[PDB]
Amino acid sequence: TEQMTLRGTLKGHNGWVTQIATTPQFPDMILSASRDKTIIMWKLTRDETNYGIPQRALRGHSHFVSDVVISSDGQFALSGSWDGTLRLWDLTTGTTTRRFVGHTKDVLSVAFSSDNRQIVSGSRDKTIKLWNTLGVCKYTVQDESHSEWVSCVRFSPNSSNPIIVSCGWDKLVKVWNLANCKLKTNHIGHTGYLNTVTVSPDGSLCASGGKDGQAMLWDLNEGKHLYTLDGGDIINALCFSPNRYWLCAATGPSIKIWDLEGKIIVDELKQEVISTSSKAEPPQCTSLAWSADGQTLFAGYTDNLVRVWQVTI
Amino acid sequence: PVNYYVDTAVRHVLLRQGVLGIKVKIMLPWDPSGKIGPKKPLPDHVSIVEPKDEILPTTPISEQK
């Protein structure tokens, strides 16, 4: 079966990498966020000396940047921050065209709609919130929301079932109808708080995880539970492959992949030892992205680096 | 905190042998709203909210509206 190998590393940051984002429109470009308050745009290269260079940096947020996402045309990017404010960036000039305001705390995740005509966000303020791209808020979920911090929000990629999924510190996963503005279904099972939720590109399955170290699968349209996978110590991020039936997870200092035909671990990715006089000797992995080609993986870390892996035979 | 938790007065009284002094000081109770005392707490009085009503066991289930 297929096996990963280390390609190279990217060095231009002064705090933990918080997220990475990519598109099929520009395969020599990637974009990433950090606790150093700024978003970096990278020029990738196939040169033997170093795999990429910081090309531009976006500087307008006043605290940490928590989430970042790119428009399907590759012209614009959207981001949230621990300053409670949400911003839309023109990638050609490196300037914000609009600013979104109306949360009263601290913003943990954001997404674009699959048509890119609507925006959704989640926060420590306990409210999910919906926005028009002209910067005006359109609905607020209030009493039916999570009882604790809203950790993540995501869209289904398909057009024929317009719904969103979410996870929170009250250890529930919830599913919501877009046009009707209402809750559809709870899912219950996890013992710890939740860090992440994700959906397969065919629009069929969820995955979710957090402190309990378990990845649990769920149906989007059949409304029911599927099998549980033990990850290890903790789950920081999850993603499906774009062209294989694989789930991938970032788990403490290591990254891991499951082949879902026969439910088996393909490989686990680890770092060369730097001897350290304390517990948690290696730095942890914080975020993942597969390239639009499917053949290469980007991963971010608490040691201010992005590490790149290829597939091999 | 002395500027809002302590109430004070000073007075004189004249008796046949001369003046005596009186001084009075009172320390007020904290009153969140009701005007018996100040609404602002003392600077080193931290208080912790109690955890409630959790269930320890779980098993995976789904619940539609």
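Bear in mind these aren't lab numbers, they're just calculated from the coordinates by the rules spelled out. So basically every Cβ, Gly included, is an ideal-geometry build from the backbone, and we count neighbours across all protein chains shown.
Between A:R56 and A:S277, what is the label-to-label distance in nm when each label sits 7 Å out along the Cα-to-Cβ direction?
4.5
Hey, which of these cross-link pairs are over 22 Å Cα-Cα: A:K184/A:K256; A:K174/A:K256; A:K126/A:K184; A:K105/A:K138; A:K105/B:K52?
With Cα atoms farther than 22 Å apart: A:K184/A:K256; A:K174/A:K256; A:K105/B:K52.
Roughly how many debye, to the nearest 20, is the charge dipole of the protein assembly as shown about its Cα centre, given +1 on each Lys and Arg Cβ, -1 on each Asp and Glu Cβ, and no other charges?
1900
Name the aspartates and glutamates eligible as straight-distance cross-link partners of B:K40: C-alpha to C-alpha under 19 Å, and not fewer than 8 places from it in the same chain.
Straight-distance partners of B:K40: B:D7, B:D31.
If you take the Cα Rg of chain B and divide it by 2.2 N^0.38 Å, with N the number of residues, what do you get?
So the Cα radius of gyration is 2.48 times the expected 2.2 N^0.38 Å.
Say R0 is 56 Å: what FRET efficiency, to the nearest 0.05, do A:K270 and B:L14 get from their beta-carbon distance?
For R0 = 56 Å, the calculated efficiency reads 0.05.
Whole-Å semi-axes of the stretch A:7-313's equivalent ellipsoid, largest first, each the root of 5 times a Cα gyration tensor eigenvalue? Don't jump to the answer; show the numbers that get you there.
Working: eigenvalues 152, 123, 72 Å².
For the stretch A:7-313, the semi-axes come out at 28, 25, 19 Å.
I need to check one value: relative contact order of the stretch A:7-313, counting alpha carbon pairs closer than 8 Å and at least 6 residues apart, in percent.
With pairs under 8 Å counted, the relative contact order is 13 percent.
Which FRET efficiency, nearest 0.05, do A:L217 and A:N177 yield, Cβ-Cβ r, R0 22 Å?
0.55
Assuming a ≥ b ≥ c are the square roots of the Cα gyration tensor eigenvalues, decide whether the stretch A:72-178 counts as rounded (a/c under 1.5), prolate (otherwise, with a/b larger than b/c) or oblate.
oblate
Take the Cα of A:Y193, step 7 Å along the line toward its Cβ, and report every residue of the stretch A:209-236 whose backbone nitrogen sits under 16 Å from that point.
Within reach of a label on A:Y193: A:209-213, A:234-236.
So between A:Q310 and A:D230, what do we pick up on full extension, going 0.36 nm a residue minus the alpha carbon distance?
Once the chain is fully extended between A:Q310 and A:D230, it gains 26.3 nm.
Suppose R0 equals 30 Å; then what is the FRET efficiency for A:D170 and A:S241 from their Cβ-Cβ distance, rounded to the nearest 0.05?
Working: r = 30 Å, r/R0 = 1.01.
Taking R0 as 30 Å, the efficiency between A:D170 and A:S241 is 0.50.
With contacts defined as alpha carbon pairs under 8 Å and 6 or more residues apart, what's the relative contact order of chain B in percent?
In percent, rounded to a whole number, it is 22.
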